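Quick setup: one chain, the form deposited in one PDB entry, written in structure tokens, and binding and motion questions come after.
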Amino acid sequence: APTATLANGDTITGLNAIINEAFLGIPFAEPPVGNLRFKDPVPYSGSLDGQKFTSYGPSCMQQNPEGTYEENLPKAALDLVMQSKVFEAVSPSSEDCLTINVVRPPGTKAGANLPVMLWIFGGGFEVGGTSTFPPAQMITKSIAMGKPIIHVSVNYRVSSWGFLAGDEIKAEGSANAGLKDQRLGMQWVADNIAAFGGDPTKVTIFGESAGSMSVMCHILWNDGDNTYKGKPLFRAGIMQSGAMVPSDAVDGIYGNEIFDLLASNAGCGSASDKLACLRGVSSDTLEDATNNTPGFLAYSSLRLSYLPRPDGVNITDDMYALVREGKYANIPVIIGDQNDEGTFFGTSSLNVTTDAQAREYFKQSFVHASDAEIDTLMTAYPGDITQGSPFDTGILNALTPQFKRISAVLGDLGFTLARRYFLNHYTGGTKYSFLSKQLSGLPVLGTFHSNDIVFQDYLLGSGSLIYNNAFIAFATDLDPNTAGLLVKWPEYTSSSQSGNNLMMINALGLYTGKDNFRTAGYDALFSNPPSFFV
């Protein structure tokens, strides 16, 4: 059985899985229960000496997503969403969930000094666990290419438990507990990964969906100061679908509104101090109260109930303003998207069939947008069913007359043109961007949000060349191009550059292209980015 002795001298045992060795379920913070609820995580004080860490612990508490998709998707599309599992609640779950997991090449030991890939999971900041993202395909591929890596994944608090907001959270200085969980997991790696064979100065953080939005928050955290004990906590970042979070400050209208609603639902509506009251209620009361605020696949969709918000302390301002003001870590980044990011989210508003209904849906999801702004938005993404997402499928996939334009707006603001805005203002390091069209022709969803998880962790396809091989090459060497792929990946300087600046994936292989599509959407959306915050 593998062993490792932590920085403090505790010797722990892990698991020999033949194709790798796993140290699963190590606690890194005190259980955030009772009056530690919603507060910053506290370092685990306690001995792990003599203990065995052979299985994943429970995930943190999950919010029910509230989707209807399983009755509107064709069997082919549905089979693939079932597989990524990013839109499902994980089980088992517990408030005592803050554990970290280290998975390494067989025969690895202290002094091997391998690059470390730190994975951050993320379904809508409301669901997810580390147990649903198998490290074995990434590790087996790293060994095969002679660039072995260690895979570390960290649990963090999602939903009310991890991202409650409003005036009282703000006053107490407890905003964005979930991101602080991740950050403390990063410090733990800085202080203990050398004992497992890793090199703390070679950490690349990567994630997909809310986990990718998290990597962006970590680049902007403390105005871009990512150092811990005179060293950087990470040297590179990979963002699979997700850039800045389009959100109002922690004490803005919706953060407050969801707080009041949750406190009433938990039976704290008449408390003078609602946080004290919420730390008093039972785990079941808190879970039920949370499940009475909207889940991300409900009609509110990406007007998310729980998500990272600027607090003036650790995320000091509006994340678009921080990016154009240069307040970020200076690291090399890979950031990319699936071609049809918003189609899965489009299944939430399938009762919107007319333009007037569409106008009301945009006006209620974006409360800061003026009519003029909503008018420009609907001109940039017209009703014309050939111009929506799944992109370039003509008259196909139009579940409703508005499904494809709502899907185009959600995909772009949430993920695809938010990446372009970052790439056009980030000068912190070399930029590499990709866009996948691997699943072209898949009915209703196209190359949908989270399909990369299947080809990164379960199956091999043209996309695995980027999701495994290029990402291991980037983690090791800080250049994707050492993977030795058939196509050379172009460095991205800006969307207006001459020449191909995007690595692209189709059903058969890789090729390059340009990030110059839907410029009208990009100007409707990002001329004044606050107008479309939630």
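For clarity, a rigid core is taken as the largest C-alpha set superposing within 1.5 Å between two forms. Shifts are known only where both forms have a C-alpha. All residue numbers are counted from 1 along the displayed sequence.
Keep in mind the form deposited in another entry is missing from the figure; the text below concerns it.
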Quick check on the comparison between the shown form and the other one: with the core aligned, only one of 323, 73, 304, 266 should show a Cα shift of at least 2 Å. Which one is it? 73
Rigid core fitted, is the C-alpha displacement of residue 87 between the shown form and the other one 2 Å or more? yes
Closer or farther: how do the CA atoms of residue 82 and residue 156 lie in the other entry, compared with the form shown, if the change is at least 3 Å? closer
Pairwise C-alpha change, residue 159 versus residue 67, in the other entry against this form - closer or farther, 3 angstroms or more: closer
At 2 Å or more of Cα shift, core superposed, where are the runs of at least three residues that differ between the shown form and the other one? 67-91
